[PDB]
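Trainee: Following this: a sequence and the matching experimental structure.
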Amino acid sequence: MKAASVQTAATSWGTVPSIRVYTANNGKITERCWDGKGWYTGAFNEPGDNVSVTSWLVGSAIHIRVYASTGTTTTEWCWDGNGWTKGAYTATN
Amino acid sequence: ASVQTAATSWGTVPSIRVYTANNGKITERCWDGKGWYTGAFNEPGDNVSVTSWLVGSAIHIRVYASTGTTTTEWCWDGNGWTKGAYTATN
Amino acid sequence: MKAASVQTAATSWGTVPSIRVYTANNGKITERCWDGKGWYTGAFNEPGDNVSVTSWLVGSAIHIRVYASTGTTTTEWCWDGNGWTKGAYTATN
Ligand SMILES: O=S(=O)(O)c1cc2c(O)c(c1)Cc1cc(S(=O)(=O)O)cc(c1O)Cc1cc(S(=O)(=O)O)cc(c1O)Cc1cc(S(=O)(=O)O)cc(c1O)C2
Ligand SMILES: O=S(=O)(O)c1cc2c(O)c(c1)Cc1cc(S(=O)(=O)O)cc(c1O)Cc1cc(S(=O)(=O)O)cc(c1O)Cc1cc(S(=O)(=O)O)cc(c1O)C2
Ligand SMILES: OC[C@@]1(O)OC[C@@H](O)[C@@H](O)[C@@H]1O
Ligand SMILES: OC[C@@]1(O)OC[C@@H](O)[C@@H](O)[C@@H]1O
Ligand SMILES: OC[C@@]1(O)OC[C@@H](O)[C@@H](O)[C@@H]1O
Ligand SMILES: OC[C@@]1(O)OC[C@@H](O)[C@@H](O)[C@@H]1O
Ligand SMILES: OC[C@@]1(O)OC[C@@H](O)[C@@H](O)[C@@H]1O
Ligand SMILES: OC[C@@]1(O)OC[C@@H](O)[C@@H](O)[C@@H]1O
């Protein structure tokens, strides 16, 4: 397809800080990461036309949730330290 | 091309709120650590963003619902959703 | 064509609180601000069809990152206490 304009979502944590920026582009969401020393590409790569994100700390451990939507189906993807796993989020859109 | 979403979270449980704009209406799904359920937020909007903050242990949520060039702010402050003072000149 | 629905992004900090709302409208992003005493127009004004935002505190100092996208080009804008400056962010494409 052709990407008219991409759509991003962003989250951050700590004081360095760490930042994650998710970009929905041509039905694919990819991730860019900053941990204080340059931007690099993250492991998140899942389908989606629209993305939102939230994150929180448990102690010094980061937890990230990415809500990826295509059509009326939103899939939650979870980062809890050991790879991206599909979460329990469901909606009836 | 799809529904549009916005998400916020608070605490360490955590609580999460996910807002979805679909065909002109924004609805809300909630996580408080024990399963997803539908929340009380239901207002018009084609586009949505959200932010939230804690005062002590109390949560305050602001949802920015946009239709055309008009953005309406909706406020949760512990007892129902009320319209906020936000305006813009778009 | 009639102007399509605007797209917004929001961040907040502290307990007053301070809130910043960014609106992408007809290719331009503007900013509205709240710090407890009425909404007002902020200094941020840059091109973009899409906007996302994140912010974090270092002590009392707020740091804001706005991701403004036009086409497939995302520009990061940085607030670190004294004016907006362009950040190092580049995307995968
Ligand atoms: O159905 S698709 O999404 O695959 C599609 C592919 C192409 C298309 O040309 C179009 C759709 C139609 C079309 C849409 C738009 S938009 O909806 O406003 O984005 C714009 C154009 C257009 O032909 C005009 C146009 C603009 C530009 S740009 O100003 O540089 O972004 C480039 C092109 C355009 O045709 C060339 C072009 C690039 C691309 S690329 O995949 O982005 O390289 C695909 C297609 C192209 O015609 C080939
Ligand atoms: O096609 S739409 O469903 O978006 C539509 C909604 C409304 C409409 O009145 C029209 C279309 C017709 C219309 C078309 C055009 S044109 O296509 O650009 O020539 C222009 C107008 C118009 O009413 C005039 C107009 C423009 C604008 S602005 O471009 O955003 O400044 C706003 C309005 C206009 O009447 C007010 C308005 C707002 C809204 S909103 O969605 O609540 O913001 C809906 C409708 C409105 O008429 C109600
Ligand atoms: O250190 C990089 C990384 O592991 O950080 C956590 C998540 O953002 C992952 O997708 C990403 O690859
Ligand atoms: O650990 C994963 C999980 O339980 O985290 C909290 C929520 O995001 C849930 O939807 C998700 O499945
Ligand atoms: O526990 C559910 C609830 O009361 O939480 C706070 C707000 O998100 C409300 O819309 C929602 O119904
Ligand atoms: O208590 C509601 C309110 O004052 O909260 C702070 C801002 O969100 C204002 O727009 C809003 O009217
Ligand atoms: O007090 C307003 C202001 O300085 O707050 C920080 C940034 O949001 C600036 O763009 C904005 O003008
Ligand atoms: O001080 C600016 C900067 O270094 O802050 C951290 C990241 O946002 C970088 O992209 C950015 O250039």
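Mentor: Thanks, I have the structure now. Residues are numbered from 1 along each chain as shown, chains lettered A, B, ... in the order given. Ligands and ions are numbered 1, 2, ... in the order given.
Trainee: Quick one: name the residues of chain A near ligand 1.
Mentor: Counting by C-beta under 6 Å from any ligand atom, the residues of chain A lying close to ligand 1 are A:1-2, A:4. No exception for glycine: its C-beta is placed from N, CA and C like everyone else's.
Trainee: need the residues of chain A near ligand 3, please.
Mentor: Counting by C-beta under 6 Å from any ligand atom, chain A comes close to ligand 3 at A:20, A:31, A:33, A:42-44, A:79.
Trainee: Need those residues in TSV (columns: secondary structure).
Mentor: What follows is those, written out as TSV (DSSP: H, G, I helix; E, B strand; the rest coil):
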residue	secondary structure
A:20	strand
A:31	strand
A:33	strand
A:42	strand
A:43	strand
A:44	strand
A:79	strand
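Trainee: would CSV of those residues with distance to chain C be doable?
Mentor: CSV is the format used below for the residues of chain A next to ligand 3 (distance: C-beta to the nearest C-beta, whole Å):
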residue, distance to chain C
A:20, 9
A:31, 9
A:33, 11
A:42, 10
A:43, 13
A:44, 11
A:79, 16
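Trainee: circling back to that earlier point, going by neighbour count, which of the residues of chain A next to ligand 1 comes out on top?
Mentor: residue A:4 (8 neighbours; other C-beta atoms under 10 Å in any protein chain shown).
Trainee: show me what contacts it?
Mentor: residue C:71 (C-beta atoms under 8 Å, 6 or more residues apart in numbering or on different chains).
Trainee: next one: the one 3 residues further on
Mentor: Contact partners of residue A:7, counting by C-beta under 8 Å, 6+ apart, are A:23-24, A:49-51, C:50, C:69.
Trainee: ok, what's across the strand from it?
Mentor: Per DSSP bridges, the residues bridged to residue A:7 are residue A:24.
Trainee: quick one: it and ligand 5, what's the gap?
Mentor: 24 Å (C-beta to the nearest ligand atom, to the nearest Å).
Trainee: wait, residue A:6 sits on residue A:21?
Mentor: No - contact criterion C-beta atoms under 8 Å: residue A:6 and residue A:21 do not qualify, at 10.6 Å.
Trainee: neighbour-wise, which of these two wins?
Mentor: The neighbour count for residue A:6 versus residue A:21, taken as other C-beta under 10 Å, is higher for residue A:21 (26 against 23).
Trainee: check contacts around that one.
Mentor: Applying C-beta under 8 Å, 6+ apart, the residues near residue A:21 are A:8-10, A:31-33, C:52, C:67, C:74, C:89, C:91.
Trainee: Which of the residues in the helix or strand harbouring it are classified as buried?
Mentor: Using DSSP states H and E, residue A:21 falls within strand A:18-25. Of the residues in strand A:18-25, A:18-25 count as buried by neighbour count, 16 or more other C-beta atoms under 10 Å in any protein chain shown.
Trainee: And the spatially most central residue of chain A, how far from residue A:45?
Mentor: Chain A has residue A:66 as the residue nearest its centroid, 4.2 Å off, counting by C-alpha atoms, centre = their mean. Look at residue A:66 and residue A:45: by C-beta to C-beta, to the nearest Å, they are 11 Å apart.
Trainee: returning to that earlier point: which two among the contacts of residue A:7 are spaced furthest apart?
Mentor: A:49 and C:69 (14.2 Å; C-beta to C-beta).
Trainee: Those two - which one has more neighbours?
Mentor: Neighbour count, other C-beta under 10 Å: between residue A:49 and residue C:69, residue C:69 has more, with 23 against 19.
Trainee: That one: what's its closest spatial neighbour, skipping adjacent residues?
Mentor: Computed as C-beta to C-beta, 6 or more residues apart in numbering or on different chains, the closest residue to residue C:69 that is not its neighbour in sequence is residue C:50, at 4.2 Å.
Trainee: what residues are up against the nearest residue to residue A:87 once chain neighbours are set aside?
Mentor: Excluding the flanking residues, the one nearest residue A:87 by C-beta to C-beta, 6+ apart is residue A:76, at 3.5 Å. Contact analysis of residue A:76 by C-beta under 8 Å, 6+ apart lists A:65-68, A:86-89, B:18.
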